[PDB]
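This document opens with one chain alone, in structure tokens, the form deposited in one PDB entry.
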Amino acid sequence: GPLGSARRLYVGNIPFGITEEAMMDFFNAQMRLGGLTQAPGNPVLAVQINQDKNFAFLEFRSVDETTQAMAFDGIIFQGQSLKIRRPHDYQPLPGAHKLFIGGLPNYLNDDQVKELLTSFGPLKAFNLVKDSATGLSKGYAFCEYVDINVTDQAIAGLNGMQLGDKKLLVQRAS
């Protein structure tokens, strides 16, 4: 989800011919050799490879273990020195591009509000706040966009928008 990119690493300079399973076994082995796991089992859940551009992505079962694996930068695999880095969309500070949406008309439902937000692009997370004892909107919501670079384009567009009877507040929830 949001934390998805806190559970992945980029791996460059991979050796010719190597398969996804062989990479998986190698990294699991190294994590156990160095005592870097936080529970029994295998930290790496999956591996995707681009053979043509000689790179792969690793996906881990946890955030703490993903961080630990960073210490393997420069490690040797079938003769070659691997390059380990964070994804370009890694969020050092999590939830920093989460938005608060305030001053919505109380009659508007989940999908209607979503439809206002998604004109700037797709969402990874969305919730509208309601009274559970009635089902009625309290008039605010929260969201995060798939592509965090769209965030500021959406604030510029929506903050202050006249929605019939009311004026929207749209800002980073912080």
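From 1 onward, residues are counted along the sequence shown.
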Looking only at C-alpha temperature factors in the entry, 116-124 or 137-145, the higher average sits in 116-124
Which of 66-74 and 36-44 has higher mean CA B factor, as the PDB entry lists it:
36-44
Of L163, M24, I14, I155, which one's C-alpha B factor is largest in the deposited record?
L163
Rank-wise, by C-alpha B-factor, drop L82 into the lowest, middle or highest third of its chain.
lowest
Cα B factor band for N50 (lowest, middle or highest third within the chain)
middle
Quick tally, chain-level thirds of C-alpha B-factors: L93 sits in the highest
Report the third (lowest, middle or highest) to which the CA temperature factor of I18 belongs, ranking only the modelled residues of the same chain.
middle
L169: C-alpha B-factor third of its chain, per the entry, is the middle
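Below: the form deposited in another entry, not depicted.
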Looking in the other entry, are the Cα atoms of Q68 and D147 closer together or farther apart than here, the change being 3 Å or more?
closer
Assuming the CA distance changes by 3 angstroms or more, are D147 and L45 closer together or farther apart in the other entry compared with the shown structure?
farther
